[PDB]
Structures are given as C-alpha cells and as structure tokens.
Amino acid sequence: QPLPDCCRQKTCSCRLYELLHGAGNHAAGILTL
C-alpha cells in the first residue's frame, strides 16, 4: 500500500491511515472509487 502523506510533509500523524485502514479500509476504497 501507499505510504503516509502526513509523514512526508510532517503535517500530521502517519499512522492516521492505519486508523481507517483498520476500522474501515473499504470506506476509503469505495468512497474514492
């Protein structure tokens, strides 16, 4: 999977993606399409 954006710009937590990727990864996969 893709790396964290906030981690690249250091504008927020990197594990932020894991939050949704674990509590609902499909939510982002479908909403994005």
# chains A, B, ... in the order shown; residues from 1 in each chain; ligands from 1
call {"tool": "residues_around", "arguments": {"residues": "residue 17 (chain A)", "least_positions_apart": "6", "cutoff": "10 Å", "atoms": "only C-alpha atoms", "output": "VMD selection string"}}
result
chain A and resid 2 to 6 23 25 28
call {"tool": "write_last_selection", "arguments": {"atoms": "N, CA and C atoms", "output": "short mmCIF file (atom, residue, chain, number, x, y, z; two decimals), in the first residue's frame"}}
result
data_model
loop_
_atom_site.label_atom_id
_atom_site.label_comp_id
_atom_site.auth_asym_id
_atom_site.auth_seq_id
_atom_site.Cartn_x
_atom_site.Cartn_y
_atom_site.Cartn_z
N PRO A 2 0.26 2.36 -0.28
CA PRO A 2 0.93 3.66 -0.33
C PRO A 2 1.38 4.14 1.04
N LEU A 3 2.44 4.94 1.07
CA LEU A 3 2.97 5.46 2.32
C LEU A 3 2.14 6.64 2.81
N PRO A 4 2.34 7.03 4.08
CA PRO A 4 1.62 8.15 4.70
C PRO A 4 2.04 9.49 4.12
N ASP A 5 1.06 10.35 3.86
CA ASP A 5 1.33 11.67 3.31
C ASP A 5 1.82 12.63 4.39
N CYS A 6 1.12 12.62 5.53
CA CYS A 6 1.48 13.49 6.65
C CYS A 6 2.92 13.24 7.09
N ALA A 23 -10.15 0.31 10.83
CA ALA A 23 -11.53 0.48 11.28
C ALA A 23 -12.49 0.58 10.11
N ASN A 25 -11.18 0.06 5.95
CA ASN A 25 -10.38 0.37 4.77
C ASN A 25 -11.25 0.48 3.53
N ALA A 28 -12.69 3.91 2.41
CA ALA A 28 -11.89 4.80 1.57
C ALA A 28 -11.77 4.25 0.15
#
call {"tool": "atom_distance", "arguments": {"atom1": "CA of residue 9 (chain A)", "atom2": "CA of residue 21 (chain A)"}}
result
20.1 Å
call {"tool": "select_by_dssp", "arguments": {"residues": "chain A", "states": "alpha helix (DSSP H)", "output": "VMD selection string"}}
result
chain A and resid 6 to 9 16 to 23 25 to 32
call {"tool": "atom_distance", "arguments": {"atom1": "CA of residue 26 (chain A)", "atom2": "CA of residue 12 (chain A)"}}
result
22.2 Å
call {"tool": "decode", "arguments": {"residues": "chain A", "atoms": "N, CA, C and O atoms", "output": "PDB file, in the first residue's frame"}}
result
ATOM      1  N   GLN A   1       0.870  -1.170   0.000  1.00  0.00           N
ATOM      2  CA  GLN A   1       0.000   0.000   0.000  1.00  0.00           C
ATOM      3  C   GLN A   1       0.906   1.218   0.000  1.00  0.00           C
ATOM      4  O   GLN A   1       2.115   1.191   0.231  1.00  0.00           O
ATOM      5  N   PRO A   2       0.257   2.359  -0.281  1.00  0.00           N
ATOM      6  CA  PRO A   2       0.932   3.660  -0.334  1.00  0.00           C
ATOM      7  C   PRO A   2       1.380   4.137   1.043  1.00  0.00           C
ATOM      8  O   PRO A   2       0.775   3.790   2.058  1.00  0.00           O
ATOM      9  N   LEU A   3       2.440   4.936   1.070  1.00  0.00           N
ATOM     10  CA  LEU A   3       2.969   5.463   2.324  1.00  0.00           C
ATOM     11  C   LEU A   3       2.136   6.644   2.813  1.00  0.00           C
ATOM     12  O   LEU A   3       1.327   7.210   2.078  1.00  0.00           O
ATOM     13  N   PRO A   4       2.340   7.027   4.082  1.00  0.00           N
ATOM     14  CA  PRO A   4       1.619   8.146   4.696  1.00  0.00           C
ATOM     15  C   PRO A   4       2.040   9.493   4.119  1.00  0.00           C
ATOM     16  O   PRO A   4       3.228   9.747   3.912  1.00  0.00           O
ATOM     17  N   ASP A   5       1.061  10.353   3.860  1.00  0.00           N
ATOM     18  CA  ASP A   5       1.330  11.675   3.307  1.00  0.00           C
ATOM     19  C   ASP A   5       1.816  12.630   4.394  1.00  0.00           C
ATOM     20  O   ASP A   5       2.793  13.355   4.208  1.00  0.00           O
ATOM     21  N   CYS A   6       1.125  12.625   5.530  1.00  0.00           N
ATOM     22  CA  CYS A   6       1.483  13.491   6.647  1.00  0.00           C
ATOM     23  C   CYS A   6       2.921  13.240   7.090  1.00  0.00           C
ATOM     24  O   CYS A   6       3.599  14.145   7.578  1.00  0.00           O
ATOM     25  N   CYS A   7       3.382  12.005   6.915  1.00  0.00           N
ATOM     26  CA  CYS A   7       4.739  11.634   7.297  1.00  0.00           C
ATOM     27  C   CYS A   7       5.761  12.269   6.358  1.00  0.00           C
ATOM     28  O   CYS A   7       6.903  12.517   6.744  1.00  0.00           O
ATOM     29  N   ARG A   8       5.341  12.528   5.125  1.00  0.00           N
ATOM     30  CA  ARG A   8       6.219  13.133   4.130  1.00  0.00           C
ATOM     31  C   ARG A   8       6.320  14.642   4.339  1.00  0.00           C
ATOM     32  O   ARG A   8       7.395  15.225   4.209  1.00  0.00           O
ATOM     33  N   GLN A   9       5.192  15.265   4.663  1.00  0.00           N
ATOM     34  CA  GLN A   9       5.153  16.705   4.888  1.00  0.00           C
ATOM     35  C   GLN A   9       5.215  17.025   6.378  1.00  0.00           C
ATOM     36  O   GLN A   9       5.285  18.189   6.771  1.00  0.00           O
ATOM     37  N   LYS A  10       5.188  15.984   7.203  1.00  0.00           N
ATOM     38  CA  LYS A  10       5.241  16.152   8.650  1.00  0.00           C
ATOM     39  C   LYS A  10       4.191  17.153   9.121  1.00  0.00           C
ATOM     40  O   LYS A  10       4.468  18.014   9.956  1.00  0.00           O
ATOM     41  N   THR A  11       2.981  17.032   8.581  1.00  0.00           N
ATOM     42  CA  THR A  11       1.889  17.925   8.946  1.00  0.00           C
ATOM     43  C   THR A  11       0.858  17.208   9.810  1.00  0.00           C
ATOM     44  O   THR A  11      -0.163  17.786  10.184  1.00  0.00           O
ATOM     45  N   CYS A  12       1.131  15.947  10.126  1.00  0.00           N
ATOM     46  CA  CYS A  12       0.228  15.151  10.947  1.00  0.00           C
ATOM     47  C   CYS A  12       0.775  13.740  11.147  1.00  0.00           C
ATOM     48  O   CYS A  12       1.804  13.375  10.576  1.00  0.00           O
ATOM     49  N   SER A  13       0.081  12.951  11.960  1.00  0.00           N
ATOM     50  CA  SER A  13       0.498  11.582  12.239  1.00  0.00           C
ATOM     51  C   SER A  13       0.460  10.734  10.970  1.00  0.00           C
ATOM     52  O   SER A  13      -0.390  10.933  10.101  1.00  0.00           O
ATOM     53  N   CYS A  14       1.388   9.788  10.872  1.00  0.00           N
ATOM     54  CA  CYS A  14       1.463   8.909   9.710  1.00  0.00           C
ATOM     55  C   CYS A  14       0.534   7.709   9.877  1.00  0.00           C
ATOM     56  O   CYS A  14      -0.016   7.198   8.901  1.00  0.00           O
ATOM     57  N   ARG A  15       0.367   7.265  11.118  1.00  0.00           N
ATOM     58  CA  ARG A  15      -0.493   6.125  11.412  1.00  0.00           C
ATOM     59  C   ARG A  15      -1.963   6.486  11.207  1.00  0.00           C
ATOM     60  O   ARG A  15      -2.850   5.651  11.395  1.00  0.00           O
ATOM     61  N   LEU A  16      -2.212   7.731  10.820  1.00  0.00           N
ATOM     62  CA  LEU A  16      -3.573   8.203  10.589  1.00  0.00           C
ATOM     63  C   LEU A  16      -4.289   7.323   9.568  1.00  0.00           C
ATOM     64  O   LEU A  16      -5.495   7.097   9.665  1.00  0.00           O
ATOM     65  N   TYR A  17      -3.536   6.829   8.590  1.00  0.00           N
ATOM     66  CA  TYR A  17      -4.098   5.974   7.551  1.00  0.00           C
ATOM     67  C   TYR A  17      -4.510   4.621   8.123  1.00  0.00           C
ATOM     68  O   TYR A  17      -5.536   4.060   7.738  1.00  0.00           O
ATOM     69  N   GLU A  18      -3.702   4.105   9.043  1.00  0.00           N
ATOM     70  CA  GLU A  18      -3.982   2.817   9.669  1.00  0.00           C
ATOM     71  C   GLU A  18      -5.324   2.845  10.394  1.00  0.00           C
ATOM     72  O   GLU A  18      -6.032   1.838  10.455  1.00  0.00           O
ATOM     73  N   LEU A  19      -5.668   4.003  10.946  1.00  0.00           N
ATOM     74  CA  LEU A  19      -6.924   4.164  11.670  1.00  0.00           C
ATOM     75  C   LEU A  19      -8.108   3.740  10.806  1.00  0.00           C
ATOM     76  O   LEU A  19      -8.922   2.910  11.214  1.00  0.00           O
ATOM     77  N   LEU A  20      -8.196   4.312   9.610  1.00  0.00           N
ATOM     78  CA  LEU A  20      -9.280   3.991   8.687  1.00  0.00           C
ATOM     79  C   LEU A  20      -9.010   2.673   7.968  1.00  0.00           C
ATOM     80  O   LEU A  20      -9.936   1.927   7.649  1.00  0.00           O
ATOM     81  N   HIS A  21      -7.736   2.392   7.718  1.00  0.00           N
ATOM     82  CA  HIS A  21      -7.343   1.161   7.039  1.00  0.00           C
ATOM     83  C   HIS A  21      -7.664  -0.059   7.897  1.00  0.00           C
ATOM     84  O   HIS A  21      -7.702  -1.185   7.403  1.00  0.00           O
ATOM     85  N   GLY A  22      -7.892   0.174   9.186  1.00  0.00           N
ATOM     86  CA  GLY A  22      -8.205  -0.916  10.092  1.00  0.00           C
ATOM     87  C   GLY A  22      -9.647  -0.885  10.560  1.00  0.00           C
ATOM     88  O   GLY A  22     -10.290  -1.927  10.680  1.00  0.00           O
ATOM     89  N   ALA A  23     -10.155   0.314  10.828  1.00  0.00           N
ATOM     90  CA  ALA A  23     -11.529   0.476  11.284  1.00  0.00           C
ATOM     91  C   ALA A  23     -12.492   0.578  10.105  1.00  0.00           C
ATOM     92  O   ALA A  23     -13.690   0.789  10.286  1.00  0.00           O
ATOM     93  N   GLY A  24     -11.957   0.428   8.897  1.00  0.00           N
ATOM     94  CA  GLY A  24     -12.783   0.508   7.706  1.00  0.00           C
ATOM     95  C   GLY A  24     -12.002   0.958   6.489  1.00  0.00           C
ATOM     96  O   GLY A  24     -12.134   2.097   6.044  1.00  0.00           O
ATOM     97  N   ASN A  25     -11.185   0.062   5.947  1.00  0.00           N
ATOM     98  CA  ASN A  25     -10.376   0.373   4.774  1.00  0.00           C
ATOM     99  C   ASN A  25     -11.249   0.485   3.527  1.00  0.00           C
ATOM    100  O   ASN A  25     -10.975   1.288   2.634  1.00  0.00           O
ATOM    101  N   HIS A  26     -12.301  -0.325   3.473  1.00  0.00           N
ATOM    102  CA  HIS A  26     -13.215  -0.316   2.337  1.00  0.00           C
ATOM    103  C   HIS A  26     -13.911   1.035   2.209  1.00  0.00           C
ATOM    104  O   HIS A  26     -14.281   1.453   1.112  1.00  0.00           O
ATOM    105  N   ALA A  27     -14.088   1.713   3.339  1.00  0.00           N
ATOM    106  CA  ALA A  27     -14.739   3.016   3.354  1.00  0.00           C
ATOM    107  C   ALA A  27     -14.020   4.000   2.436  1.00  0.00           C
ATOM    108  O   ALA A  27     -14.654   4.817   1.769  1.00  0.00           O
ATOM    109  N   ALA A  28     -12.694   3.915   2.408  1.00  0.00           N
ATOM    110  CA  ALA A  28     -11.889   4.796   1.571  1.00  0.00           C
ATOM    111  C   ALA A  28     -11.774   4.251   0.152  1.00  0.00           C
ATOM    112  O   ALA A  28     -11.655   5.012  -0.807  1.00  0.00           O
ATOM    113  N   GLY A  29     -11.811   2.928   0.026  1.00  0.00           N
ATOM    114  CA  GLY A  29     -11.708   2.304  -1.280  1.00  0.00           C
ATOM    115  C   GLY A  29     -12.955   2.506  -2.118  1.00  0.00           C
ATOM    116  O   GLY A  29     -12.876   2.626  -3.341  1.00  0.00           O
ATOM    117  N   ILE A  30     -14.109   2.544  -1.461  1.00  0.00           N
ATOM    118  CA  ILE A  30     -15.377   2.733  -2.154  1.00  0.00           C
ATOM    119  C   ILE A  30     -15.677   4.214  -2.359  1.00  0.00           C
ATOM    120  O   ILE A  30     -16.095   4.630  -3.440  1.00  0.00           O
ATOM    121  N   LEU A  31     -15.458   5.005  -1.315  1.00  0.00           N
ATOM    122  CA  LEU A  31     -15.702   6.442  -1.380  1.00  0.00           C
ATOM    123  C   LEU A  31     -14.826   7.097  -2.443  1.00  0.00           C
ATOM    124  O   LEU A  31     -15.215   8.089  -3.060  1.00  0.00           O
ATOM    125  N   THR A  32     -13.641   6.531  -2.656  1.00  0.00           N
ATOM    126  CA  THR A  32     -12.710   7.059  -3.646  1.00  0.00           C
ATOM    127  C   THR A  32     -13.024   6.521  -5.037  1.00  0.00           C
ATOM    128  O   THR A  32     -13.026   7.269  -6.017  1.00  0.00           O
ATOM    129  N   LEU A  33     -13.290   5.223  -5.118  1.00  0.00           N
ATOM    130  CA  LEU A  33     -13.607   4.585  -6.392  1.00  0.00           C
ATOM    131  C   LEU A  33     -12.539   4.894  -7.436  1.00  0.00           C
ATOM    132  O   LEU A  33     -11.501   5.476  -7.128  1.00  0.00           O
TER     133      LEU A  33
END
